[PDB]
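K.L.:
final_32.txt is the file, holding compact mmCIF, C-alpha atoms and all ligand atoms:
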# COMPACT_ATOMS: atom_id res chain seq x y z
CA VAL A 3 -6.19 119.42 79.18
CA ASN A 4 -6.83 121.01 82.60
CA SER A 5 -5.54 124.02 84.55
CA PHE A 6 -3.35 122.16 87.06
CA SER A 7 0.20 123.51 86.79
CA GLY A 8 3.62 122.68 88.21
CA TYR A 9 2.93 119.01 89.03
CA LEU A 10 5.35 116.14 88.68
CA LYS A 11 3.80 113.15 86.85
CA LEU A 12 4.17 109.88 88.77
CA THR A 13 2.02 107.54 86.63
CA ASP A 14 -0.54 107.65 83.85
CA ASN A 15 -3.02 109.28 86.25
CA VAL A 16 -1.29 110.46 89.47
CA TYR A 17 0.42 113.85 89.70
CA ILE A 18 2.11 115.42 92.75
CA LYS A 19 3.25 118.89 93.84
CA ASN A 20 4.44 120.76 96.94
CA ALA A 21 1.50 123.04 97.62
CA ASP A 22 -0.92 124.43 100.16
CA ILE A 23 -4.21 122.77 99.20
CA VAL A 24 -6.22 125.83 100.28
CA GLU A 25 -4.23 128.11 97.97
CA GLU A 26 -4.29 125.52 95.17
CA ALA A 27 -8.08 125.11 95.25
CA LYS A 28 -8.58 128.88 95.38
CA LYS A 29 -6.42 129.27 92.26
CA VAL A 30 -7.73 126.31 90.26
CA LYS A 31 -11.34 126.13 91.49
CA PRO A 32 -11.37 122.41 90.65
CA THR A 33 -14.52 120.42 90.16
CA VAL A 34 -13.65 118.33 93.25
CA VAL A 35 -11.40 119.09 96.22
CA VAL A 36 -10.90 116.20 98.65
CA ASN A 37 -11.06 116.88 102.38
CA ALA A 38 -9.22 114.71 104.90
CA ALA A 39 -12.35 114.30 106.98
CA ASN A 40 -13.36 112.38 110.10
CA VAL A 41 -16.63 110.46 110.49
CA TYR A 42 -18.22 113.37 112.39
CA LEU A 43 -17.25 115.95 109.74
CA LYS A 44 -15.72 118.02 112.57
CA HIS A 45 -13.14 120.05 110.66
CA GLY A 46 -10.74 120.98 113.44
CA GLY A 47 -7.17 120.68 112.18
CA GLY A 48 -4.89 119.50 109.43
CA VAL A 49 -6.24 119.86 105.90
CA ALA A 50 -9.84 119.83 107.16
CA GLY A 51 -9.40 122.72 109.58
CA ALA A 52 -7.58 124.72 106.90
CA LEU A 53 -10.20 124.10 104.20
CA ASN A 54 -12.99 124.99 106.59
CA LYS A 55 -11.28 128.21 107.75
CA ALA A 56 -10.96 129.23 104.09
CA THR A 57 -14.77 128.89 103.74
CA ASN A 58 -15.34 131.19 106.73
CA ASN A 59 -16.86 128.17 108.60
CA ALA A 60 -19.54 127.57 105.92
CA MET A 61 -18.14 124.06 105.40
CA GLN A 62 -18.67 123.29 109.10
CA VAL A 63 -22.23 124.67 109.11
CA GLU A 64 -23.13 122.54 106.08
CA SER A 65 -21.40 119.53 107.62
CA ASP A 66 -23.28 119.84 110.91
CA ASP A 67 -26.61 119.71 109.04
CA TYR A 68 -25.37 116.69 107.05
CA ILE A 69 -24.50 114.80 110.25
CA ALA A 70 -27.76 115.80 111.97
CA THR A 71 -29.67 114.25 109.04
CA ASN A 72 -27.49 111.25 108.15
CA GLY A 73 -25.32 110.38 111.14
CA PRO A 74 -21.56 109.80 110.98
CA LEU A 75 -19.66 108.51 107.98
CA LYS A 76 -17.81 105.19 108.02
CA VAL A 77 -14.03 105.00 108.22
CA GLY A 78 -13.12 104.43 104.58
CA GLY A 79 -16.28 106.21 103.45
CA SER A 80 -17.11 109.57 101.94
CA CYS A 81 -19.80 112.07 101.11
CA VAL A 82 -20.08 114.82 98.50
CA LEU A 83 -20.92 118.28 99.80
CA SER A 84 -20.46 121.81 98.48
CA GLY A 85 -17.02 123.11 97.61
CA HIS A 86 -18.08 126.61 98.76
CA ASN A 87 -15.59 129.24 97.50
CA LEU A 88 -12.88 126.62 96.88
CA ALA A 89 -14.30 124.14 94.34
CA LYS A 90 -17.58 123.02 92.84
CA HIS A 91 -17.76 120.06 95.24
CA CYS A 92 -15.89 118.81 98.28
CA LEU A 93 -15.49 115.05 98.57
CA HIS A 94 -15.08 114.45 102.32
CA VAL A 95 -13.12 111.19 102.62
CA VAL A 96 -12.38 109.45 105.92
CA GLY A 97 -9.03 107.69 105.97
CA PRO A 98 -8.02 105.74 109.09
CA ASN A 99 -6.55 107.83 111.90
CA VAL A 100 -3.69 105.76 113.32
CA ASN A 101 -3.66 108.06 116.34
CA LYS A 102 -7.12 106.58 117.13
CA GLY A 103 -6.14 102.94 116.54
CA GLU A 104 -7.95 102.55 113.21
CA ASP A 105 -7.12 99.82 110.70
CA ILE A 106 -4.63 101.01 108.07
CA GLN A 107 -6.08 98.50 105.58
CA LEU A 108 -9.08 100.85 105.33
CA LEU A 109 -6.82 103.30 103.49
CA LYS A 110 -7.42 101.46 100.22
CA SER A 111 -11.19 101.66 100.75
CA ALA A 112 -10.86 105.38 101.39
CA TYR A 113 -8.95 105.97 98.14
CA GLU A 114 -11.55 103.94 96.19
CA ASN A 115 -13.96 106.84 96.69
CA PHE A 116 -11.76 108.90 94.35
CA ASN A 117 -12.70 106.60 91.46
CA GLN A 118 -16.21 108.05 91.38
CA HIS A 119 -14.75 111.37 90.11
CA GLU A 120 -12.89 111.92 86.84
CA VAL A 121 -10.49 114.56 88.22
CA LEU A 122 -9.67 115.56 91.81
CA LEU A 123 -7.38 117.80 93.83
CA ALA A 124 -6.47 115.98 97.03
CA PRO A 125 -4.09 115.47 99.96
CA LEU A 126 -2.51 112.15 100.86
CA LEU A 127 -5.08 110.28 102.91
CA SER A 128 -4.19 109.42 106.52
CA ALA A 129 -1.02 111.54 106.33
CA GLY A 130 -0.17 114.45 108.61
CA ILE A 131 -2.09 114.37 111.89
CA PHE A 132 -3.87 111.12 110.91
CA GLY A 133 -0.57 109.39 111.73
CA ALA A 134 0.02 107.02 108.81
CA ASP A 135 3.23 106.68 106.78
CA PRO A 136 2.93 109.11 103.84
CA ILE A 137 5.15 106.97 101.59
CA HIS A 138 2.59 104.23 102.20
CA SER A 139 -0.32 106.57 101.51
CA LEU A 140 1.17 107.61 98.17
CA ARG A 141 1.73 103.97 97.22
CA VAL A 142 -1.87 103.04 98.06
CA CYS A 143 -3.08 106.08 96.09
CA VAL A 144 -1.12 105.07 92.98
CA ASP A 145 -2.25 101.44 93.25
CA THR A 146 -5.94 102.25 93.90
CA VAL A 147 -6.99 105.46 92.15
CA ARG A 148 -7.58 105.11 88.41
CA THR A 149 -9.03 108.58 87.80
CA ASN A 150 -6.86 111.70 87.48
CA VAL A 151 -5.61 112.83 90.88
CA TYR A 152 -3.52 115.92 91.63
CA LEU A 153 -1.86 115.48 95.02
CA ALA A 154 -0.93 118.54 97.06
CA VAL A 155 1.70 118.07 99.61
CA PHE A 156 1.99 120.76 102.29
CA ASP A 157 5.41 119.91 103.74
CA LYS A 158 8.43 120.68 101.54
CA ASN A 159 10.80 118.17 103.14
CA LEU A 160 8.05 115.57 102.85
CA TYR A 161 7.44 116.24 99.16
CA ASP A 162 11.11 115.81 98.23
CA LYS A 163 11.20 112.53 100.16
CA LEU A 164 8.10 111.12 98.41
CA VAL A 165 9.51 111.93 94.96
CA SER A 166 12.99 110.58 95.68
CA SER A 167 11.58 107.40 97.27
CA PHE A 168 8.85 106.80 94.68
CA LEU A 169 9.06 103.57 92.72
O1 LIG B 201 -1.44 114.36 104.33
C1 LIG B 201 -2.09 115.56 104.65
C2 LIG B 201 -0.99 116.66 104.77
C3 LIG B 201 -0.03 116.26 105.91
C4 LIG B 201 1.13 117.23 106.19
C5 LIG B 201 1.47 117.34 107.70
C6 LIG B 201 2.92 116.93 107.84
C7 LIG B 201 3.36 116.57 106.44
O2 LIG B 201 2.28 116.75 105.54
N1 LIG B 201 -1.64 117.95 105.06
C8 LIG B 201 -1.90 118.96 104.16
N2 LIG B 201 -1.62 118.71 102.84
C9 LIG B 201 -1.88 119.69 101.92
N3 LIG B 201 -2.38 120.91 102.13
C10 LIG B 201 -2.65 121.14 103.45
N4 LIG B 201 -3.17 122.31 103.93
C11 LIG B 201 -3.32 122.20 105.30
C12 LIG B 201 -2.89 120.95 105.70
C13 LIG B 201 -2.45 120.23 104.53
CL CL B 202 -2.30 117.18 108.46
As a first step, turn the structure in this file into structure tokens.
Ligand SMILES: OC[C@H](C[C@H]1CCCO1)Nc1ncnc2[nH]ccc12
Ligand SMILES: [Cl-]
P.N.:
Amino acid sequence: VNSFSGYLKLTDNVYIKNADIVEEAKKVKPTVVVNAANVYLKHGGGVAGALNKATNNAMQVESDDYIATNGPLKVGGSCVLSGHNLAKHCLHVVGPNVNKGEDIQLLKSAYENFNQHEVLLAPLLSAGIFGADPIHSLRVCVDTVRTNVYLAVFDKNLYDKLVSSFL
């Protein structure tokens, strides 16, 4: 039993809800919140910009030190950093950004990072401003993640479409 509430259950392990991920994490304080990151950990917009704003830019300051030490992530890769005031940890995961010409096949690799964590709050990878088809991202999530994932969907019209179209 966990404290996630109001989710629709899609499979044995994937749950979904219409929610603002910033407000969800603040309420639940999950062990792991997933950020929709880029390889530079520059948290400018979309989920990333919103999560960073909620930390009063502490996420960005931590991220800049991480990059200065380690260099950029790989597309499809991840790193674990602090969750600041939102969660114990933030798993920064880089899904392909179609608006940059990145290979959509890397979306499965990106979701594989979730399997290193028993329970996660997360957005749909490569959705929103990353330019991929969200119905596709949900399908890859369900077919790749085996741990317990609670998916927050910002857009109301999008959430209803994912549920109604889910197989
Ligand atoms: O796939 C990531 C989605 C994409 C959106 C853009 C259009 C339809 O869905 N973004 C977010 N999902 C959940 N919480 C969020 N908080 C801030 C942004 C955000
Ligand atoms: Cl977005």
K.L.:
Given all atoms listed in the file, how would the per-residue table for chain A near ligand LIG 201 (chain B) read, listing every residue at most 10 Å away with its closest atom pair and distance in Å to one decimal, sorted by chain and number, as JSON lines?
P.N.:
{"residue": "A:19", "atom": "CA", "partner": "B:LIG201", "partner_atom": "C9", "distance": 9.6}
{"residue": "A:20", "atom": "CA", "partner": "B:LIG201", "partner_atom": "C9", "distance": 8.1}
{"residue": "A:21", "atom": "CA", "partner": "B:LIG201", "partner_atom": "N3", "distance": 6.3}
{"residue": "A:22", "atom": "CA", "partner": "B:LIG201", "partner_atom": "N3", "distance": 4.3}
{"residue": "A:23", "atom": "CA", "partner": "B:LIG201", "partner_atom": "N3", "distance": 3.9}
{"residue": "A:24", "atom": "CA", "partner": "B:LIG201", "partner_atom": "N4", "distance": 5.9}
{"residue": "A:25", "atom": "CA", "partner": "B:LIG201", "partner_atom": "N4", "distance": 8.4}
{"residue": "A:26", "atom": "CA", "partner": "B:LIG201", "partner_atom": "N3", "distance": 8.6}
{"residue": "A:27", "atom": "CA", "partner": "B:LIG201", "partner_atom": "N3", "distance": 9.9}
{"residue": "A:37", "atom": "CA", "partner": "B:LIG201", "partner_atom": "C1", "distance": 9.3}
{"residue": "A:38", "atom": "CA", "partner": "B:LIG201", "partner_atom": "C1", "distance": 7.2}
{"residue": "A:47", "atom": "CA", "partner": "B:LIG201", "partner_atom": "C12", "distance": 7.8}
{"residue": "A:48", "atom": "CA", "partner": "B:LIG201", "partner_atom": "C12", "distance": 4.5}
{"residue": "A:49", "atom": "CA", "partner": "B:LIG201", "partner_atom": "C12", "distance": 3.5}
{"residue": "A:50", "atom": "CA", "partner": "B:LIG201", "partner_atom": "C11", "distance": 7.2}
{"residue": "A:51", "atom": "CA", "partner": "B:LIG201", "partner_atom": "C11", "distance": 7.5}
{"residue": "A:52", "atom": "CA", "partner": "B:LIG201", "partner_atom": "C11", "distance": 5.2}
{"residue": "A:53", "atom": "CA", "partner": "B:LIG201", "partner_atom": "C11", "distance": 7.2}
{"residue": "A:123", "atom": "CA", "partner": "B:LIG201", "partner_atom": "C9", "distance": 10.0}
{"residue": "A:124", "atom": "CA", "partner": "B:LIG201", "partner_atom": "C9", "distance": 7.7}
{"residue": "A:125", "atom": "CA", "partner": "B:LIG201", "partner_atom": "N2", "distance": 5.0}
{"residue": "A:126", "atom": "CA", "partner": "B:LIG201", "partner_atom": "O1", "distance": 4.3}
{"residue": "A:127", "atom": "CA", "partner": "B:LIG201", "partner_atom": "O1", "distance": 5.6}
{"residue": "A:128", "atom": "CA", "partner": "B:LIG201", "partner_atom": "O1", "distance": 6.1}
{"residue": "A:129", "atom": "CA", "partner": "B:LIG201", "partner_atom": "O1", "distance": 3.5}
{"residue": "A:130", "atom": "CA", "partner": "B:LIG201", "partner_atom": "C3", "distance": 3.3}
{"residue": "A:131", "atom": "CA", "partner": "B:LIG201", "partner_atom": "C5", "distance": 6.2}
{"residue": "A:132", "atom": "CA", "partner": "B:LIG201", "partner_atom": "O1", "distance": 7.7}
{"residue": "A:133", "atom": "CA", "partner": "B:LIG201", "partner_atom": "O1", "distance": 9.0}
{"residue": "A:134", "atom": "CA", "partner": "B:LIG201", "partner_atom": "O1", "distance": 8.7}
{"residue": "A:135", "atom": "CA", "partner": "B:LIG201", "partner_atom": "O1", "distance": 9.3}
{"residue": "A:136", "atom": "CA", "partner": "B:LIG201", "partner_atom": "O1", "distance": 6.8}
{"residue": "A:139", "atom": "CA", "partner": "B:LIG201", "partner_atom": "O1", "distance": 8.4}
{"residue": "A:140", "atom": "CA", "partner": "B:LIG201", "partner_atom": "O1", "distance": 9.5}
{"residue": "A:153", "atom": "CA", "partner": "B:LIG201", "partner_atom": "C9", "distance": 8.1}
{"residue": "A:154", "atom": "CA", "partner": "B:LIG201", "partner_atom": "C9", "distance": 5.1}
{"residue": "A:155", "atom": "CA", "partner": "B:LIG201", "partner_atom": "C9", "distance": 4.6}
{"residue": "A:156", "atom": "CA", "partner": "B:LIG201", "partner_atom": "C9", "distance": 4.0}
{"residue": "A:157", "atom": "CA", "partner": "B:LIG201", "partner_atom": "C7", "distance": 4.8}
{"residue": "A:158", "atom": "CA", "partner": "B:LIG201", "partner_atom": "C7", "distance": 8.2}
{"residue": "A:159", "atom": "CA", "partner": "B:LIG201", "partner_atom": "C7", "distance": 8.3}
{"residue": "A:160", "atom": "CA", "partner": "B:LIG201", "partner_atom": "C7", "distance": 6.0}
{"residue": "A:161", "atom": "CA", "partner": "B:LIG201", "partner_atom": "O2", "distance": 8.2}
K.L.:
Neighbours of residue 13 of chain A within 10 Å (all atoms listed in the file; same-chain residues fewer than 5 positions away dropped), as number ranges by chain?
P.N.:
A: 18, 144-145, 150
K.L.:
Just how far from atom CA of residue 116 of chain A is atom CA of residue 58 of chain A, in Å to one decimal?
P.N.:
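Computing the Euclidean distance for atom CA of residue 58 of chain A and atom CA of residue 116 of chain A yields 25.7 Å.
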K.L.:
Take atom CA of residue 74 of chain A and atom CA of residue 41 of chain A and report the distance between them in Å, one decimal.
P.N.:
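Going from atom CA of residue 74 of chain A over to atom CA of residue 41 of chain A, I get 5.0 Å.
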K.L.:
Using only C-alpha atoms, find the one residue out of A:137, A:164, A:89, A:108 that sits nearest to residue 29 of chain A.
P.N.:
A:89
K.L.:
Find, counting all atoms listed in the file, the residue in A:75, A:63, A:39, A:109 that gets nearest to ligand CL 202 (chain B).
P.N.:
A:39
K.L.:
Considering only C-alpha atoms, state which residue in the set A:114, A:67, A:14, A:162 is at the smallest distance from residue 95 of chain A.
P.N.:
A:114
K.L.:
Neighbourhood query: residues within 10 Å of (-16.8, 105.6, 101.4), file coordinates, counting only C-alpha atoms; return as a ChimeraX atom specification.
P.N.:
/A:75-81,93-97,108,111-116
K.L.:
As an exercise, work out the distance from atom CA of residue 28 of chain A to atom CA of residue 59 of chain A in Å and give it to one decimal place.
P.N.:
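Computed distance, atom CA of residue 28 of chain A to atom CA of residue 59 of chain A, equals 15.6 Å.
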K.L.:
Let me make sure I understand: among A:30, A:83, A:147, A:35, which one has the smallest atom-to-atom distance to residue 68 of chain A if we use only C-alpha atoms?
P.N.:
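Checking each candidate against residue 68 of chain A, we get A:83 as the closest.
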K.L.:
Of the candidates A:142, A:4, A:168, A:99, which shows the shortest atom-to-atom distance to ligand CL 202 (chain B), using all atoms listed in the file?
P.N.:
A:99
K.L.:
Just checking: using all atoms listed in the file, which residue out of A:33, A:141, A:45, A:102 ends up closest to ligand CL 202 (chain B)?
P.N.:
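Closest to ligand CL 202 (chain B) of all the choices is A:45.
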K.L.:
Can you tell me, as a list in words, what residues are no more than 8 Å from residue 34 of chain A when counting all atoms listed in the file, ignoring any on the same chain fewer than 3 positions away?
P.N.:
residues 85, 89, 90, 91, 92, 93, 119, 121, 122 and 123 of chain A
K.L.:
Draw an axis-aligned box tight on the listed atoms of segment 62-69 of chain A, then pad every side by 3 Å and write out centre and edge lengths in Å to one decimal as JSON.
P.N.:
{"center_x": -22.6, "center_y": 119.7, "center_z": 108.5, "size_x": 13.9, "size_y": 15.9, "size_z": 10.8}
